[PDB]
Amino acid sequence: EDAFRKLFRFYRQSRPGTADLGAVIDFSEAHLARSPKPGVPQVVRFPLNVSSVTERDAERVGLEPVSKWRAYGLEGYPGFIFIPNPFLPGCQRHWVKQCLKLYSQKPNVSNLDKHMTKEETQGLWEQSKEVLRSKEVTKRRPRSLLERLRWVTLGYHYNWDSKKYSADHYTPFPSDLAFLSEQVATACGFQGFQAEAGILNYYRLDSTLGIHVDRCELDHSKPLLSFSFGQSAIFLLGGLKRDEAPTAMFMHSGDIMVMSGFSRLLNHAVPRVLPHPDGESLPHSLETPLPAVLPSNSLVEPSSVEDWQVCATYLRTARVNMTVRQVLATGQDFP
DNA sequence: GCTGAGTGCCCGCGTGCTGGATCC
DNA sequence: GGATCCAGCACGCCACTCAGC
Ligand SMILES: [Cl-]
Ligand SMILES: [Cl-]
């Protein structure tokens, strides 16, 4: 009956050693072999627009040249593209830091604003920094503001009653994330994409994202972009109806998902954040050094050792997700 | 659409314990 | 040794969604 619920519980209660992860698709070592199962659907290669993004535009936002990306889809899931980590070595750190220290501060609205004010809310980063100096990090203490951060809205905010977006309490969308999103969208064949509504989600090792569909009336020709940084996770992509058996796949640090049309209508969930392997506190793609020569225009710049130390201690047991949508038609504003 | 069961949307709240950590 | 603390859990409740009619 309720196949998605049962598999969601299965992968949630997965403790590496308890449950079998053999059916979870790893796009980093993609099969491409013709039907090497059921029940897993076939993985197909997705041709990219290699010439649509200049290597300099890709480097300014930390991405490899589009000629080097490998993208895949799944048979039966039109509109779903999975791009394993296309970032240049060391470039995920800048976007992680943007999520942790920059995008978390005002005017952006977070969960922390529900029962607090901009008092220490603006001092989230300084609080974590002070925690790291005092070595009070193993010491017993109340959870920091950074550790209590769960989500952040960017750009237009969604109305759960209207099922529509509006300009009420609009906060400006970050232009650098918009540029990165536009590069990814153009590379996937979506011309004229404008990042306008964003969600940042911060997950602990026991965090989950339940089964849900997106029901808002939007232009389904436009892509939705989903970036993941930090610890790996398992992602479940289901069907139009909640009781269809989903397909499981890994989300490694730097992986990007692009969803359009049909696949935007499907049930999906994130049942589990996997703990890091032994002796691999962080993914290899997060410790690599930045390229020596950076473009003078580059939006990715090396950050403080203090800032990255905060980021690394946080990401040791966390996953960060960025979700980006276009909600307004090309040209038209919000009247 | 209605209604009881099921989880906690970019939905949680308040309160009383408690037992491991902390302090000297 | 021993007094003290308090972060987090359990719990009951509210918020909101889902499923079966
Ligand atoms: Cl959507
Ligand atoms: Cl489609």
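By convention in this document, chain letters (A, B, ...) are assigned in the order of the sequence lines, proteins followed by strands, and residues within each chain are numbered from 1. Excluded from the calculations below are hydrogen atoms, water molecules and symmetry mates; all remaining heavy atoms, backbone and side chain alike, are included.
With the rule of ring centres under 5.5 Å apart and planes tilted under 30°, the neighbouring bases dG8(B) and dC9(B) are not scored as stacked.
The distance from atom CZ of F4(A) to atom P of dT17(C) is 18 Å, rounded to the nearest whole Å. Note: CZ (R9(A)) to P (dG8(B)) measures 11 Å, nearest angstrom. Rounded to a whole Å, the NZ atom of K139(A) is 16 Å from the P atom of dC5(C). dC11(B) atom P lies 10 Å from atom NE2 of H157(A), rounded to whole Å. Separating the CG atom of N111(A) from the P atom of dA15(C) is a distance of 19 Å, rounded to the nearest angstrom. In this entry the distance linking CG of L200(A) with P of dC10(B) reads 12 Å, nearest Å. For the pair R150(A) CZ and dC10(B) P, the interatomic distance rounds to 11 Å; values are reported in whole Å. To the nearest angstrom, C1' of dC18(C) lies 12 Å from CG of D243(A).
Ring geometry, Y314(A) versus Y202(A): the interplanar angle exceeds 60°, so the pair is classed perpendicular (tilted spans 30 to 60°). The aromatic rings of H212(A) and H268(A) lie tilted to each other, with the angle between the two planes from 30° to 60°.
Taking the P atom of each, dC9(B) and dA5(B) are spaced 22 Å apart, rounded to whole Å. Comparing the P positions of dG14(B) and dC16(C) gives an interatomic distance of 15 Å, to the nearest angstrom.
When the nucleotides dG12(B), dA19(C), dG8(C) are ranked by their closest atom to the side chain of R242(A), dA19(C) comes out on top.
The ring-ring contact (aromatic ring centres under 6.0 Å, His included) test with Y165(A) singles out one residue from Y158(A), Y156(A), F334(A), and that residue is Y158(A).
The aromatic ring of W160(A) does not sit over the base of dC11(B), since the test of centres under 5.5 Å and planes under 30° is not met.
Mapping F8(A) and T138(A) onto DNA chain B by nearest heavy atom places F8(A) at the nucleotide closer to the 5' end.
Remark: the backbone N or O of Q309(A) is paired with a side-chain donor or acceptor of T313(A) at under 3.5 angstrom.
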